[PDB]
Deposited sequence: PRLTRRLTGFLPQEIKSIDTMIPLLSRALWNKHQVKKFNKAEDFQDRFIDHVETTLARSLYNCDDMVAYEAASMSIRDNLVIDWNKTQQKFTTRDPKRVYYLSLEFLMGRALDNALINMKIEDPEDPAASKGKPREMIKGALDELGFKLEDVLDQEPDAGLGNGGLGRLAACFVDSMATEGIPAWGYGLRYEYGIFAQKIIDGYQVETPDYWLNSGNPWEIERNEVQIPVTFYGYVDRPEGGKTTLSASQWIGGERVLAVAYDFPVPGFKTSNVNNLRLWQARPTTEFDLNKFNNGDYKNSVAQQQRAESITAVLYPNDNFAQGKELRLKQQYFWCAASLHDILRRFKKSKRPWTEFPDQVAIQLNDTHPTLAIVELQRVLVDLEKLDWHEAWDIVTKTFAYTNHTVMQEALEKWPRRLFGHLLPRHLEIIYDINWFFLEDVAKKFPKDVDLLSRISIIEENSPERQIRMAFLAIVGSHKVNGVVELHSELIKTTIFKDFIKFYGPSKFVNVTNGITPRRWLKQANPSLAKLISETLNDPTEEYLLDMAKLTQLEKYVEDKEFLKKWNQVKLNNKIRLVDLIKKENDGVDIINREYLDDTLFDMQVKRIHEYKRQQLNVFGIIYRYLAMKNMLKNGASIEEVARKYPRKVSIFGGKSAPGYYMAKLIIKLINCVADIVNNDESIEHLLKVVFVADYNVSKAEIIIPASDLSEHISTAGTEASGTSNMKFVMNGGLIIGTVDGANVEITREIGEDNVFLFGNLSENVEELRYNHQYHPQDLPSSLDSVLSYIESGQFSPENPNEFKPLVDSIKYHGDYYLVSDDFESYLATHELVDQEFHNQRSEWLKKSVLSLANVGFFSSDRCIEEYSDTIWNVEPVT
């Protein structure tokens, strides 16, 4: 009884003898086996329809089929999830715990079908014989509302690669009920909605009602000097109940685990209250508890949200560390071996409280010496940093932090004290250094606790996400920490993406082409991306290029089908002429620095130029020869209160309404916006891409994984020389990317000249800003804040500066693609051929060998 993920070997050798031989024989002659053949899947599927779902052939529809098929696949997974967890218990290897505030998991079923050792075609077969089109049942699955942007997607890809590599890793996070939110574009505006992804339960979790951790907030420390084992007599306690998500690996039978926490009240219902008619309060406790896992990134733009964000980050750090030390004590190993057995990765600053908490439990509960405990903490953590600009670094104010977490404030003051002593002993008399490098920021009037500095001081390794970013954190925001610790502590591991979701799941038709040309029927190239350089040989010969183009044309058709479906059966994109239609997409977070507005100003410019040309008596054959057939695809969500980002979404929608419906330019240009862009939409959108925009102001992006997703699928980049664009260029060659705009050196000066020595706007740009001051007749000055930020508030994101360069590169793109497609297709094949360094398997190799010092146990 009692232990769900592994019996220590000894326990099993004792227990086994007290079980009567008949029980052991029966259990053994009826133990579940994994599917070995399609019939096996059919039998599980039909039994779940008839028994679980209490349904029959006559009313098992596609939602039923998905529920049943998911239940069958999870059954198979559980068998290997149990074996793997027992192997690690029996073999006690060093383990990796990956703490991330968001895991952008996407949809689980097809990924399980691909990472299945004995196949999508067998299951595909089996389902079709029972009456089901796999693709129709695949669509019934809601994307897990467990993450949001690239931070979470990086945690997701990693989790996959660790499982493929048999690395003993677990991810810990939160089980958000409602996602971050979900986007509807109502009347050209974004309206936020609850992302109801658990409405019909969730067939992939294991709810572990058995694992319930208590977590405490507020209270007081009573000793009756901080260094000593103190007692936190807290004021509120909530419960963390775990939910296990199994994680398959490609070709392994090693299934690793994601453990997410849901917050529950200590007292569900209060009958006293209800019976006295105080109904609202009888359920009050329940309400408070559930706030903590209700929504991702709760609005912290006011005290209550600042509090809830901290409250949530403590709850997950607390419960996860608890579960991480519980498992350790089954080893019965001495605390001094904890660093040799546990590696915890802080994916960004959000889990830094885990440092302060391990110190808190080792000193207050476990009674170690403050200094012996701190040595263990130090050797256990490592921090990945994703921030460029110092302003985005997380700080908490002392009043709030103290009130909510009294003992953890005490330990942060202690930690900082000894660190600042160590600094004083290394740089005698350097007064200002002590102020700058301190964890507590002495500010007016609220002192802050600088979390990123606490994370450097508590970790044995910090790393950036791309080489240039890494150089930059040693050179800029963490310079003093490099002086005191030495360059050694600051590493780089360039980000990457998983081949199985982003190439084999998202683009099967290309995955088959490669397995055909390179003659690799076992898809071994997904484990060894290095082999894709062989595609370079076949760059020179025609039938291959025809083949390569066809894949991309069929992929374009899928996207077109999606836009039609999403437009209630009406097509937006003109399907005839599609092979000569350049699909140009910019799908990412709507934010002024991502410069979606630069891209829109470029669209309006081209449109204005086309229209003017027609009216000056050119035939469309003449206009089309200069501005050929294009579809601009935009997708992404704005934060709920970012007014300017929400304006940019309305503006894209307005441009689309005038241009898409303007007969005169006869379908030479269309603008489309995809709502509630999530991973599944990105799996349809990315393999269809002819060109993808990666145009942020230079110097603003640290890495950038969707860039890599476009490259792995033969898409070309038009981008700024920033972020992941720089490393893409290194690997695939400068001659294959379309770079433009200013470089970072010139950014601070061009910014200065804008205010204290202004030049003027280019006529091109001035034509579009006057033309929107597009048309918007109902409110002919709605788009004014945007125009006036460029035209009157120093144009901080350099739209004016890059406008002409951007347009010049687009003239290039257009001629390349339409008029000399064999040159275009060579850029695409070579992209593929050299994308392999960005495989998240290589990121996990690097992390395992330099930071975690972890070996696979498979």
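Missing from the model, by position in the deposited sequence, are residues 1-3, 122-133, 240-243, 793-794.
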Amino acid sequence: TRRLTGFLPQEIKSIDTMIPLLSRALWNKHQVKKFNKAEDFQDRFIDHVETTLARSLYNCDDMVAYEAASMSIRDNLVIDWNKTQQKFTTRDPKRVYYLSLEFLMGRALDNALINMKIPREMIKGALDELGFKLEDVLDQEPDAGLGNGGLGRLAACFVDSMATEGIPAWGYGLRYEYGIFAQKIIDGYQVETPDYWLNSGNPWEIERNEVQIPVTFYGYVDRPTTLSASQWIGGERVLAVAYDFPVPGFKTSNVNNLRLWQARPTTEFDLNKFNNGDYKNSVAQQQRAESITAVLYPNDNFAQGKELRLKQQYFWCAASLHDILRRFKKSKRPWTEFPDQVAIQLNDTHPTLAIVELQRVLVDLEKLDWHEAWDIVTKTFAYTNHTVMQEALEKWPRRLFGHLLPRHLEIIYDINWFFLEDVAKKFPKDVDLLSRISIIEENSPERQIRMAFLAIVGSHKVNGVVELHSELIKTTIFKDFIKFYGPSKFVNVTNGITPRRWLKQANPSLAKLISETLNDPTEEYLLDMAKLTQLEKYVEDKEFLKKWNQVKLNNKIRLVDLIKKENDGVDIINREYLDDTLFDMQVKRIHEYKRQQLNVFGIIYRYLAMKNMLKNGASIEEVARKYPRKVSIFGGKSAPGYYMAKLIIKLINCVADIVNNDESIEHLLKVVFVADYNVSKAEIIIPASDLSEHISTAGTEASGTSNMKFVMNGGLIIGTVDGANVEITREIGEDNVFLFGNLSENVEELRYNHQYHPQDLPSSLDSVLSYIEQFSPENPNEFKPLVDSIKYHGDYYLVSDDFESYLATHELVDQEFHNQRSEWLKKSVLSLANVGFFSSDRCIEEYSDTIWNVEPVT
From here on, numbers count along this sequence of modelled residues.
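Comparing 663-671 with 308-316, the stretch with the higher mean C-alpha B-factor in the PDB entry is 663-671.
Higher mean CA temperature factor between 523-531 and 105-113: 523-531, per the PDB entry. Comparing the listed residues 753, 272, 742, 254, the entry records the largest Cα B-factor for 753. If you compare the C-alpha temperature factors of 40, 47, 823, 61 in the entry, 823 comes out highest. Among the modelled residues of the chain, residue 95 sits in the lowest third by CA temperature factor in this PDB entry.
In this PDB entry, the Cα temperature factor of residue 34 sits in the bottom third of its chain's modelled residues, the lowest group. In the PDB entry, residue 576 places in the highest third of its chain by CA B-factor. The PDB entry assigns residue 56 a C-alpha temperature factor belonging to the lowest third of its chain's modelled residues. Placement of the Cα temperature factor of residue 74 within the chain: lowest third of the modelled residues, per the deposited record.
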